[PDB]
Amino acid sequence: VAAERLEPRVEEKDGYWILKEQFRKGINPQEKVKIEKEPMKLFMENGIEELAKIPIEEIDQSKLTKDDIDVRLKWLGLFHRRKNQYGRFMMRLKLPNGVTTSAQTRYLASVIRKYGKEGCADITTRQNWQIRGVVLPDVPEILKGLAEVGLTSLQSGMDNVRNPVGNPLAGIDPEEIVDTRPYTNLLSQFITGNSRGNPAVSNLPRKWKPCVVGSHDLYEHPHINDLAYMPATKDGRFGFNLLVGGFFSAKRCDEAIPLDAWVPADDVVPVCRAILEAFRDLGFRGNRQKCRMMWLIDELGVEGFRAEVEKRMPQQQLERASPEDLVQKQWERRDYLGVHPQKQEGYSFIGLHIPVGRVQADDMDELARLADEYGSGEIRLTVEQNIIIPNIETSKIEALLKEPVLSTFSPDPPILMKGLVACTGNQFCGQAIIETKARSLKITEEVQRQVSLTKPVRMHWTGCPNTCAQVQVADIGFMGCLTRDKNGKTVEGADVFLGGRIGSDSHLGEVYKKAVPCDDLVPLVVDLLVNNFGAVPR
Ligand code: SRM
Ligand code: SF4
Ligand SMILES: O=S([O-])[O-]
Ligand SMILES: [Cl-]
Ligand SMILES: [Cl-]
Ligand SMILES: [K+]
């Protein structure tokens, strides 16, 4: 790698970061959008106020404003559903470590309730909230309302640092390694500039995903993150070994690799900043399929990339990885659904199943009520799109289990439902090839009617090759496609994946059978479960 390759390609100009004039050749259309107008201005210079007043039919008549609503608004966490819900916006938060409050939950419910049949909410595979139905004129008031209840939606889409994932059992599990909340909180505060916006990390070549590990279970999926902090002691000091570059895409899925770096716990934010600066400064900005950070690591080599991180650390110091980390390889991933004792004597948490992560306003209010009556007003989201209500006096559990809403959001659903994960799909997503959430529920119900089993088989349904529902981590994965029935008629189908493993002995699954009509999946899956997962016909 020539020394010229290491010249930073962006510069700070009037508070924002922009591609230098000599590096603008050959860039992709999204890079052109960012140059034409700085997306962060919509928030930081309150550009959204005037934009929100323009009727959407008028907005669509000019490239600048159409790009504002279809692209730049994703820096404020707003996602125009142009194809499938025209004129409505999905809104995505920052929710470090998946932690929410009852007050926040009620606020989100009040927003979606306004939109009737156009509104609902979802828990995401990054233990985050999305709300639906938002109209542009309401955006300024919603931004204000979110701020009032201690939420931000900043920098949650496009070329930004995505939700910081942590241990859903942080602070409450007798078996945790380290409470991840302080670290994910710090990362979120850094990324968003304490909810004011942070332009230094908002002009990346591509999205970038961080997680902090605190569980032996590896609930955080460090193997598939751009930056994973693995807790490790080095020379008698607590800190983290760093894994880099994990990502999924239509083209390529790669597990994170060691940076060969350890940082003391207090250096979590400094090293996040150094890695982001290196990626920002040096990353390819051509073909979008070659812009994730792993591509930079392959171009420079991991050592070349490491040197770039090191030069951006305070005092330019970056220690080598500790030979061992604190994560025990002898471990069985634990079910968190149901009632479990906390490390605080006399308290329990309860994991509740949320079918395919989908809730309505009334459901959110009920969950918020439970958290107030039984817990401490806290609701935690998980990456399997479920919830945990912590801090429940154990004496209250008997009464809790009789609550009617627990028949719908159950502490002990059938085993296949416990592990079922599904993305948005074509109900709302314009990229989706098939419908996912309703279909996956229907198929899983029919499968479980036919077989019993004891192994916690994890089934993931994703609507297109972007693999937001991570089919490559599943015991059985389903990737949306169009295929043909026996008569040659177009029908929805799935490419079926096998081989995904999570925890310390992680592995990426691969396509097992292509183009199976969705209507034909039940017998295929029943047989797979019996033949490979010890299932028994009923
Ligand atoms: C909501 C969510 C799936 C869910 O049902 O849970 C989702 C939904 C979408 N993702 Fe994703 N992604 C979700 C996690 C993922 C993950 C899983 C993860 O983070 O562990 C991945 C695979 C891992 C990765 O990215 O490395 C993922 C890979 C993508 C990709 C392909 C990335 C690539 O490098 O090619 C895209 C397309 C893109 O960004 O260019 C994408 C694009 C999209 C968009 C924003 C596309 C769009 O504008 O319509 C989807 C919005 C649909 C909607 O209305 O909800 N989504 N997406 C997840 C929100 C996470 C969050 O709260 O921040
Ligand atoms: S995997 Fe495809 S269909 Fe599903 S939410 Fe992601 S982009 Fe949409
Ligand atoms: O929007 S997806 O990348 O989480
Ligand atoms: Cl996006
Ligand atoms: Cl769309
Ligand atoms: K779920």
Side-chain angles (χ1 to χ4, degrees), residues 43 73-79 90-101 104-105 108 121-132 146-147 149-170 180-195 197-198 201-202 204 206-215 218-229 243 246-248 256 268-269 272-273 275-276 279 292-293 354 357 359 378-388 421 423-424 429 466-470 473:
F43 186 85
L73 272 182
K74 294 174 186 168
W75 272 256
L76 282 63
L78 285 153
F79 298 72
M90 173 274 277
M91 195 175 203
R92 178 189 289 175
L93 308 183
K94 278 276 180 303
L95 203 72
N97 224 116
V99 173
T100 65
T101 69
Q104 293 166 348
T105 301
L108 297 172
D122 289 284
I123 305 168
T124 78
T125 58
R126 293 198 76 75
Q127 60 174 182
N128 199 4
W129 280 118
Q130 291 186 167
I131 58 168
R132 305 186 183 276
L146 289 172
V149 300
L151 294 169
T152 186
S153 62
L154 277 170
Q155 297 164 55
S156 64
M158 285 296 288
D159 303 345
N160 283 115
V161 183
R162 306 309 192 72
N163 197 40
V165 168
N167 182 6
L169 311 189
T180 57
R181 291 171 299 170
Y183 306 109
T184 54
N185 292 165
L186 277 173
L187 291 171
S188 189
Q189 288 150 25
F190 159 63
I191 295 152
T192 69
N194 308 328
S195 303
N198 185 359
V201 301
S202 63
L204 309 183
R206 213 64 158 79
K207 68 162 88 170
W208 187 95
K209 306 193 145 178
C211 78
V212 182
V213 169
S215 61
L218 297 190
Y219 289 129
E220 312 85 355
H221 294 143
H223 63 126
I224 63 169
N225 275 266
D226 287 277
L227 178 57
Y229 295 84
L243 304 176
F247 81 111
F248 291 168
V268 162
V269 168
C272 191
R273 180 183 291 111
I275 293 170
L276 284 169
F279 181 41
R292 296 291 292 275
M293 189 179 67
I354 309 303
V359 292
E378 181 164 309
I379 292 165
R380 299 185 177 195
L381 311 184
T382 74
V383 301
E384 299 76 33
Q385 313 166 314
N386 298 313
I387 70 152
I388 293 171
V421 176
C423 79
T424 309
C429 181
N466 290 337
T467 198
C468 304
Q470 312 149 327
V473 316

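Computed from heavy atoms alone, side chains included, the values below leave out hydrogens, waters and symmetry copies. For reference, positions follow the sequence shown, starting with 1.
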Value rounded to 0.5 Å, distance of CG in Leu187 from CZ in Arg273: 10.5 Å
Nearest non-hydrogen partners of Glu220 and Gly214, listed with the distance: OE2-N, 2.9 Å
Contact check, side chains of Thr424 and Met90, non-hydrogen atoms, under 4.5 Å: no
Heavy-atom pair of closest approach, residues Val201 and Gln155: CG2-OE1, 4.0 Å
Straight-line distance of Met293 CE to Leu227 CG, nearest 0.5 Å: 6.5 Å
Residue pair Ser202 / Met158, side-chain heavy-atom distance below 4.5 Å: no
Minimum side-chain heavy-atom gap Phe248-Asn466 below 4.5 Å: no
Test side-chain contact (heavy atoms from CB on, under 4.5 Å) applied to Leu146 and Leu108, step by step: CA-CA 8 Å; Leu146 289 172; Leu108 297 172; 3.9 Å; yes
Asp122 side chain vs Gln130 backbone, donor-acceptor pair below 3.5 Å: no
N/O donor-acceptor pair under 3.5 Å between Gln127 side chain and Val383 backbone: no
Close side-chain approach of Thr382 and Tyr219, heavy atoms under 4.5 Å: no
Spacing of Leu95 atom CG and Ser188 atom OG [to the nearest 0.5 Å]: 8.5 Å
Minimal non-hydrogen separation, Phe190 against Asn198, with atom names: O-ND2, 3.0 Å
Partner residues of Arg206 under the side-chain hydrogen bond (donor to acceptor under 3.5 Å, both in side chains) criterion, sequence neighbours left out: none
Validation row: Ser215, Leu169 side chains within 4.5 angstrom (heavy atoms): no
Side-chain heavy atoms of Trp129 within contact of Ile123, under 4.5 Å: yes
pair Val165-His221: side-chain heavy atoms closer than 4.5 Å: no
Distance in Å, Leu186 CG paired with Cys272 SG, rounded so as to fall on 0.5 Å steps: 10.5 Å
Main-chain N/O of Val268 paired with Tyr183 side-chain donor or acceptor, under 3.5 Å: no
Contacts of type salt bridge (charged side-chain N to carboxylate O under 4.0 Å, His left out), residue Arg380, not counting sequence neighbours: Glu378
Side-chain donor/acceptor of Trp208 to backbone N/O of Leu276, under 3.5 Å: no
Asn163 vs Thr124, side-chain contact (heavy atoms from CB on, under 4.5 Å): CA-CA, chis, key distance, verdict: CA-CA 10 Å; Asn163 197 40; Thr124 78; 6.0 Å; no
Interatomic spacing from CG in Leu154 to NZ in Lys94 - rounded to 0.5 Å: 7.5 Å
Salt bridge (charged side-chain N to carboxylate O under 4.0 Å, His left out) partners for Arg181, two or more places apart: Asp179
For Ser156 against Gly77, the heavy-atom pair lying closest together: OG-CA, 3.1 Å
By side chain to side chain contact (heavy atoms under 4.5 Å, CB included) - contacts of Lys209 (at least two apart): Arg126, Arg162, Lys207, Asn225, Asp226, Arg292
Qualifying residues under side-chain hydrogen bond (donor to acceptor under 3.5 Å, both in side chains), relative to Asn97, sequence neighbours excluded: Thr180, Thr184
Check: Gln385 side chain, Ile354 main-chain N or O, donor-acceptor pair, under 3.5 Å: no
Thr125 side, atom OG1; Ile224 side, atom CD1 - distance, nearest 0.5 Å: 7.5 Å
Heavy-atom closest pair, residues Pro222 and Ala256: O-CB, 3.8 Å
Non-hydrogen side-chain atoms of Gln104 and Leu93 separated by less than 4.5 Å: no
Set of residues satisfying side-chain hydrogen bond (donor to acceptor under 3.5 Å, both in side chains) with respect to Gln470, sequence neighbours excluded: none
